[PDB]
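Okay, work-v1.txt now, which holds compact mmCIF, N, CA and C atoms and all ligand atoms:
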# COMPACT_ATOMS: atom_id res chain seq x y z
N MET A 1 -8.94 -6.85 0.90
CA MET A 1 -7.66 -6.51 1.59
C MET A 1 -6.84 -7.78 1.75
N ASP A 2 -5.52 -7.63 1.79
CA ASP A 2 -4.62 -8.75 2.03
C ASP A 2 -4.95 -9.37 3.40
N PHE A 3 -4.92 -10.69 3.50
CA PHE A 3 -5.27 -11.36 4.76
C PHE A 3 -4.38 -10.90 5.90
N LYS A 4 -3.07 -10.87 5.67
CA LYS A 4 -2.12 -10.44 6.69
C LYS A 4 -2.45 -9.02 7.13
N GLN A 5 -2.68 -8.14 6.17
CA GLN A 5 -2.96 -6.75 6.48
C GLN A 5 -4.27 -6.61 7.25
N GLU A 6 -5.27 -7.40 6.87
CA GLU A 6 -6.57 -7.30 7.52
C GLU A 6 -6.48 -7.84 8.94
N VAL A 7 -5.66 -8.87 9.15
CA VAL A 7 -5.44 -9.38 10.49
C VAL A 7 -4.71 -8.34 11.34
N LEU A 8 -3.68 -7.72 10.78
CA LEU A 8 -2.93 -6.70 11.50
C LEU A 8 -3.83 -5.51 11.81
N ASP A 9 -4.77 -5.23 10.92
CA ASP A 9 -5.74 -4.16 11.15
C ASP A 9 -6.61 -4.47 12.37
N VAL A 10 -7.09 -5.70 12.48
CA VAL A 10 -7.90 -6.11 13.62
C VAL A 10 -7.08 -6.05 14.89
N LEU A 11 -5.86 -6.58 14.82
CA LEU A 11 -4.97 -6.62 15.98
C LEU A 11 -4.67 -5.20 16.48
N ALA A 12 -4.37 -4.30 15.55
CA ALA A 12 -4.10 -2.90 15.90
C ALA A 12 -5.29 -2.25 16.61
N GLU A 13 -6.50 -2.56 16.14
CA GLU A 13 -7.72 -2.03 16.76
C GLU A 13 -7.91 -2.54 18.18
N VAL A 14 -7.71 -3.84 18.37
CA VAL A 14 -7.92 -4.45 19.68
C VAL A 14 -6.83 -4.01 20.65
N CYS A 15 -5.60 -3.92 20.15
CA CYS A 15 -4.50 -3.43 20.96
C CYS A 15 -4.57 -1.91 21.13
N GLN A 16 -5.36 -1.26 20.27
CA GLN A 16 -5.45 0.20 20.22
C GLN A 16 -4.06 0.82 20.15
N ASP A 17 -3.27 0.30 19.22
CA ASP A 17 -1.91 0.76 19.02
C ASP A 17 -1.43 0.25 17.67
N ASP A 18 -1.03 1.16 16.79
CA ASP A 18 -0.58 0.79 15.45
C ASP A 18 0.84 0.23 15.44
N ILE A 19 1.46 0.11 16.61
CA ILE A 19 2.82 -0.41 16.69
C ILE A 19 2.90 -1.85 16.19
N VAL A 20 1.79 -2.57 16.29
CA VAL A 20 1.74 -3.95 15.83
C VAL A 20 1.91 -4.05 14.32
N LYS A 21 1.65 -2.94 13.62
CA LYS A 21 1.90 -2.87 12.19
C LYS A 21 3.35 -2.45 11.93
N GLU A 22 3.80 -1.44 12.68
CA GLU A 22 5.14 -0.89 12.52
C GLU A 22 6.23 -1.89 12.86
N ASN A 23 5.99 -2.70 13.89
CA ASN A 23 6.90 -3.77 14.26
C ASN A 23 6.14 -5.09 14.45
N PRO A 24 5.99 -5.87 13.37
CA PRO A 24 5.21 -7.11 13.49
C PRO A 24 5.93 -8.21 14.28
N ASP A 25 7.11 -7.92 14.83
CA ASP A 25 7.82 -8.87 15.67
C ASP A 25 7.83 -8.44 17.14
N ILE A 26 7.06 -7.42 17.48
CA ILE A 26 6.99 -6.94 18.86
C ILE A 26 6.38 -8.02 19.76
N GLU A 27 6.92 -8.19 20.96
CA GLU A 27 6.37 -9.17 21.90
C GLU A 27 5.13 -8.60 22.58
N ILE A 28 3.97 -8.98 22.04
CA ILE A 28 2.69 -8.39 22.41
C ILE A 28 2.40 -8.45 23.91
N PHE A 29 2.67 -9.60 24.52
CA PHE A 29 2.34 -9.78 25.93
C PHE A 29 3.44 -9.27 26.85
N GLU A 30 4.69 -9.35 26.40
CA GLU A 30 5.79 -8.84 27.20
C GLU A 30 5.77 -7.30 27.24
N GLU A 31 5.23 -6.68 26.19
CA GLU A 31 5.11 -5.23 26.12
C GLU A 31 3.76 -4.72 26.65
N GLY A 32 2.92 -5.64 27.12
CA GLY A 32 1.64 -5.27 27.71
C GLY A 32 0.65 -4.67 26.72
N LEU A 33 0.75 -5.05 25.45
CA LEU A 33 -0.15 -4.54 24.42
C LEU A 33 -1.49 -5.27 24.45
N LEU A 34 -1.51 -6.43 25.09
CA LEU A 34 -2.72 -7.22 25.18
C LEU A 34 -2.74 -7.97 26.50
N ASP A 35 -3.91 -8.04 27.14
CA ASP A 35 -4.09 -8.83 28.35
C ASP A 35 -5.09 -9.95 28.08
N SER A 36 -5.59 -10.59 29.14
CA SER A 36 -6.54 -11.68 28.96
C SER A 36 -7.85 -11.18 28.34
N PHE A 37 -8.38 -10.07 28.85
CA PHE A 37 -9.57 -9.45 28.26
C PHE A 37 -9.35 -9.23 26.76
N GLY A 38 -8.21 -8.64 26.41
CA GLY A 38 -7.90 -8.32 25.03
C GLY A 38 -7.76 -9.56 24.16
N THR A 39 -7.32 -10.66 24.76
CA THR A 39 -7.21 -11.92 24.03
C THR A 39 -8.61 -12.39 23.63
N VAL A 40 -9.55 -12.36 24.56
CA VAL A 40 -10.92 -12.74 24.26
C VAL A 40 -11.50 -11.82 23.19
N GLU A 41 -11.27 -10.53 23.36
CA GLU A 41 -11.76 -9.54 22.41
C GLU A 41 -11.21 -9.85 21.02
N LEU A 42 -9.93 -10.19 20.96
CA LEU A 42 -9.27 -10.50 19.69
C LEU A 42 -9.88 -11.74 19.02
N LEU A 43 -10.05 -12.81 19.79
CA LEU A 43 -10.61 -14.04 19.23
C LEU A 43 -12.04 -13.83 18.74
N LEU A 44 -12.83 -13.07 19.48
CA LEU A 44 -14.18 -12.75 19.06
C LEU A 44 -14.18 -11.90 17.79
N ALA A 45 -13.26 -10.94 17.71
CA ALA A 45 -13.15 -10.07 16.54
C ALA A 45 -12.74 -10.86 15.31
N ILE A 46 -11.84 -11.82 15.50
CA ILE A 46 -11.39 -12.65 14.40
C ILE A 46 -12.55 -13.49 13.86
N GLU A 47 -13.35 -14.06 14.76
CA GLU A 47 -14.48 -14.87 14.31
C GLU A 47 -15.49 -13.99 13.58
N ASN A 48 -15.70 -12.78 14.08
CA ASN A 48 -16.66 -11.88 13.48
C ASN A 48 -16.19 -11.42 12.11
N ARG A 49 -14.91 -11.11 11.99
CA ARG A 49 -14.38 -10.58 10.74
C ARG A 49 -14.18 -11.67 9.68
N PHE A 50 -13.65 -12.82 10.09
CA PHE A 50 -13.20 -13.87 9.16
C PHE A 50 -13.98 -15.17 9.25
N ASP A 51 -14.86 -15.28 10.24
CA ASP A 51 -15.61 -16.51 10.46
C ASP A 51 -14.66 -17.68 10.78
N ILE A 52 -13.51 -17.33 11.34
CA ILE A 52 -12.56 -18.30 11.87
C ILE A 52 -12.72 -18.37 13.39
N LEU A 53 -13.07 -19.55 13.89
CA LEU A 53 -13.27 -19.74 15.32
C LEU A 53 -12.01 -20.36 15.91
N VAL A 54 -11.31 -19.58 16.72
CA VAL A 54 -10.17 -20.07 17.49
C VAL A 54 -10.62 -20.25 18.94
N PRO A 55 -10.81 -21.51 19.36
CA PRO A 55 -11.23 -21.72 20.75
C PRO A 55 -10.19 -21.18 21.71
N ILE A 56 -10.64 -20.59 22.81
CA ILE A 56 -9.74 -20.00 23.79
C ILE A 56 -8.73 -21.04 24.27
N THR A 57 -9.15 -22.30 24.29
CA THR A 57 -8.31 -23.40 24.75
C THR A 57 -7.13 -23.67 23.81
N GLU A 58 -7.17 -23.10 22.61
CA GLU A 58 -6.12 -23.29 21.63
C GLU A 58 -5.10 -22.16 21.68
N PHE A 59 -5.52 -21.02 22.21
CA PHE A 59 -4.63 -19.86 22.31
C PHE A 59 -3.52 -20.11 23.32
N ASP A 60 -2.30 -19.73 22.94
CA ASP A 60 -1.12 -19.91 23.78
C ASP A 60 -0.26 -18.67 23.62
N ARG A 61 -0.03 -17.96 24.72
CA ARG A 61 0.73 -16.71 24.69
C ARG A 61 2.14 -16.88 24.16
N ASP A 62 2.69 -18.08 24.28
CA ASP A 62 4.04 -18.36 23.80
C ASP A 62 4.05 -18.56 22.29
N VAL A 63 2.94 -19.04 21.75
CA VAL A 63 2.82 -19.29 20.31
C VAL A 63 2.27 -18.06 19.57
N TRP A 64 1.32 -17.38 20.20
CA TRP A 64 0.68 -16.20 19.60
C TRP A 64 1.29 -14.94 20.21
N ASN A 65 2.62 -14.85 20.17
CA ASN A 65 3.34 -13.86 20.96
C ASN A 65 3.70 -12.57 20.22
N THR A 66 3.62 -12.59 18.89
CA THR A 66 3.89 -11.40 18.09
C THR A 66 2.84 -11.28 16.99
N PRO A 67 2.69 -10.07 16.43
CA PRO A 67 1.75 -9.91 15.32
C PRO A 67 2.02 -10.91 14.19
N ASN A 68 3.29 -11.07 13.80
CA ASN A 68 3.64 -12.02 12.75
C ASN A 68 3.20 -13.43 13.10
N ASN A 69 3.44 -13.84 14.35
CA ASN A 69 3.09 -15.20 14.76
C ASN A 69 1.59 -15.40 14.84
N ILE A 70 0.86 -14.35 15.19
CA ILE A 70 -0.60 -14.40 15.21
C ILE A 70 -1.14 -14.56 13.78
N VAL A 71 -0.63 -13.74 12.87
CA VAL A 71 -0.98 -13.86 11.45
C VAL A 71 -0.69 -15.27 10.95
N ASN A 72 0.49 -15.79 11.28
CA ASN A 72 0.88 -17.12 10.83
C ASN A 72 -0.03 -18.21 11.40
N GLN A 73 -0.36 -18.11 12.68
CA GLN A 73 -1.25 -19.08 13.30
C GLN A 73 -2.61 -19.08 12.61
N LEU A 74 -3.18 -17.89 12.42
CA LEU A 74 -4.48 -17.79 11.77
C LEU A 74 -4.43 -18.32 10.34
N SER A 75 -3.33 -18.06 9.64
CA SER A 75 -3.18 -18.56 8.28
C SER A 75 -3.23 -20.09 8.26
N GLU A 76 -2.57 -20.72 9.24
CA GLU A 76 -2.52 -22.18 9.32
C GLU A 76 -3.87 -22.79 9.67
N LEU A 77 -4.64 -22.05 10.46
CA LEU A 77 -5.89 -22.54 11.04
C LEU A 77 -7.11 -22.19 10.19
N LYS A 78 -6.91 -21.30 9.23
CA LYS A 78 -8.01 -20.67 8.50
C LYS A 78 -8.98 -21.68 7.92
N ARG A 79 -8.45 -22.67 7.22
CA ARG A 79 -9.29 -23.62 6.51
C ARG A 79 -10.08 -24.51 7.46
N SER A 80 -9.40 -25.05 8.46
CA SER A 80 -10.01 -26.05 9.34
C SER A 80 -10.92 -25.43 10.40
N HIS A 81 -10.67 -24.17 10.74
CA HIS A 81 -11.41 -23.49 11.81
C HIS A 81 -12.47 -22.53 11.29
N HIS A 82 -12.69 -22.52 9.98
CA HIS A 82 -13.74 -21.70 9.39
C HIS A 82 -15.09 -22.39 9.59
N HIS A 83 -16.15 -21.60 9.80
CA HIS A 83 -17.50 -22.15 9.92
C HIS A 83 -17.85 -22.92 8.65
N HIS A 84 -18.68 -23.95 8.79
CA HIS A 84 -19.12 -24.74 7.65
C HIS A 84 -20.63 -24.60 7.48
N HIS A 85 -21.05 -24.32 6.25
CA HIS A 85 -22.47 -24.14 5.94
C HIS A 85 -23.25 -25.44 6.13
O1 LIG B 1 -6.58 -15.24 30.95
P1 LIG B 1 -5.74 -14.18 31.62
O2 LIG B 1 -5.57 -12.94 30.75
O3 LIG B 1 -4.36 -14.71 31.89
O4 LIG B 1 -6.40 -13.81 32.99
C1 LIG B 1 -5.75 -12.92 33.83
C2 LIG B 1 -6.46 -12.95 35.16
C3 LIG B 1 -6.40 -14.37 35.67
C4 LIG B 1 -5.74 -12.06 36.14
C5 LIG B 1 -7.92 -12.57 35.00
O5 LIG B 1 -8.58 -12.83 36.17
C6 LIG B 1 -8.12 -11.12 34.63
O6 LIG B 1 -7.79 -10.70 33.53
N1 LIG B 1 -8.71 -10.21 35.60
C7 LIG B 1 -8.91 -8.81 35.25
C8 LIG B 1 -10.36 -8.60 34.87
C9 LIG B 1 -10.61 -9.19 33.50
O7 LIG B 1 -10.26 -8.59 32.50
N2 LIG B 1 -11.26 -10.47 33.40
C10 LIG B 1 -11.50 -11.07 32.10
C11 LIG B 1 -10.31 -11.91 31.76
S1 LIG B 1 -10.46 -12.47 30.09
MG MG B 2 -5.70 -16.68 28.04
MG MG B 3 -8.68 -26.60 21.74
Rendering of file as structure tokens:
Amino acid sequence: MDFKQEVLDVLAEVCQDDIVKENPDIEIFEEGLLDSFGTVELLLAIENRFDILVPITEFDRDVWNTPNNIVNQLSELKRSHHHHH
């Protein structure tokens, strides 16, 4: 699957709302689609699905504020934050 699409798939599942696909510029936190619990769930799901570890200390609601921006952040971090054998 396309990386962006697979990320949006995970996000939609954690948010339990496909709106994150329909409008990838929706303000996730301003619209209450995700809370702190959901943020942890999301980061854990990302590591499980992609083996990309995003430390909670790196997450910023202002930077990871829309589906598009989350996809973009993960894209930037993918290489350096992937587990190493
Ligand atoms: O990290 P946040 O989402 O901003 O935390 C919000 C808090 C501070 C209000 C937090 O205590 C909280 O979410 N309480 C509700 C119970 C819960 O879900 N705790 C786990 C937070 S990841
Ligand atoms: Mg937080
Ligand atoms: Mg950090």
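Nearest residue to ligand MG 2 (chain B), choosing from A:72, A:80, A:66, A:39 and counting all atoms listed in the file: A:39.
Between residue 10 in chain A and the residues A:45, A:33, A:63, A:54, the shortest atom-to-atom distance, using all atoms listed in the file, involves A:45.
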Exercise. Residues at most 8 Å from ligand MG 2 (chain B), using all atoms listed in the file? Could they come as a PyMOL selection string?
Worked result: chain A and resi 35-37+39-40+56-57+59-61
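Across the model, the gap from CA of residue 23 in chain A to atom C of residue 44 in chain A is 22.9 Å.
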Exercise. What's the 6.5 Å shell around residue 26 in chain A, counting only N, CA and C atoms, without same-chain residues fewer than 6 positions away, as number ranges by chain?
Worked result: A: 65-68
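Considering the residues A:13, A:29, A:19, A:82 and counting only C-alpha atoms, residue 53 in chain A has its shortest atom-to-atom contact with A:82.
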Let me have the centre and edge lengths of the axis-aligned box enclosing all listed atoms of range 58-61 of chain A with 4 Å padding on every side, in Å to one decimal, as AutoDock Vina command-line options.
--center_x -2.5 --center_y -20.0 --center_z 23.2 --size_x 17.3 --size_y 14.6 --size_z 11.1
